[PDB]
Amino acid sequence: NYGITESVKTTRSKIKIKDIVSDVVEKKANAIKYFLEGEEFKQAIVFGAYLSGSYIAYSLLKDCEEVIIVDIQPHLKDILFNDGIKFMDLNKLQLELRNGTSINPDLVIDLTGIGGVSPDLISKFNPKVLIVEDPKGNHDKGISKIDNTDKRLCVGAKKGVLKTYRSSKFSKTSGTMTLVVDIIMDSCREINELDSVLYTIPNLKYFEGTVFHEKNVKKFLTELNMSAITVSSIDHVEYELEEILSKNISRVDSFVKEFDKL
């Protein structure tokens, strides 16, 4: 707990990266839960296992008789933590749609965001409820150009767009990873201004690469166990360290906006 000498303290935050991830994904799951108003479903299909998809699918098990996660990456089966959730890779779903009858969801949720599922694939369903996650955060022309959320809202008797922002703060996307990074970065900025702090370390890395380039979910989850922030200071900063992090986590606001249509 000392640094280079006993004159300096090293403090690692109690809040871990996985704790921030958990808070964000829980907010998204609760936003969906609120939108669905306790409606029960026979078959839910959720596109996009990483990063919030896993927990969102878990949260649907109560009111959905069957919950299926679909991901173009077969190795993301490893990111599911409950066995009640069925996993299908995109080729398996598309095959089952073409030469089968078992796929006819009354709830469809697209969490894939930028460069994700095609409106054509969504158009193959006729659910009671369709939710599309809007990957756009605050304004960025380049991201707006590549977004096609509105084109994906092409089926369903009830339609919603899942939005996630940080109150009073700028983030480029609504993605769980983006929000976690931005929470940590903003927290570091304020922590560094605490009296006696020498420097403030965000324990960040390109976690996305661990999942999608190394294709190592186990390692990714281990990486999330790290303290979010490590601080070097002369005086104790334990309590303010957690207070600043928790405050920035609390700014995340997730909600489904109903999209009107007949």
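Residue positions are given as counts along the sequence shown, with the first one as 1.
Two stretches are in play, 65-73 and 196-204, and the higher mean C-alpha B-factor belongs to 65-73. According to the PDB record, 77-85 carries the higher mean C-alpha B-factor of the two stretches 185-193 and 77-85. Between the residues 123, 178, 148, 168, the entry's highest C-alpha temperature factor is the one at 123. Reading the B-factor column for the CA atoms of 227, 30, 216, 233 in the entry, the top value corresponds to 216. Residue-level temperature factors show residue 117 in the middle third of its chain, judged at the C-alpha atom.
Among all modelled residues in this chain, the alpha-carbon of residue 159 has a temperature factor (C-alpha) in the middle third.
When the modelled residues of the chain are ordered by C-alpha B-factor, residue 108 sits in the middle third. Per-chain ranking of the deposited C-alpha B factor places residue 253 in the lowest third.
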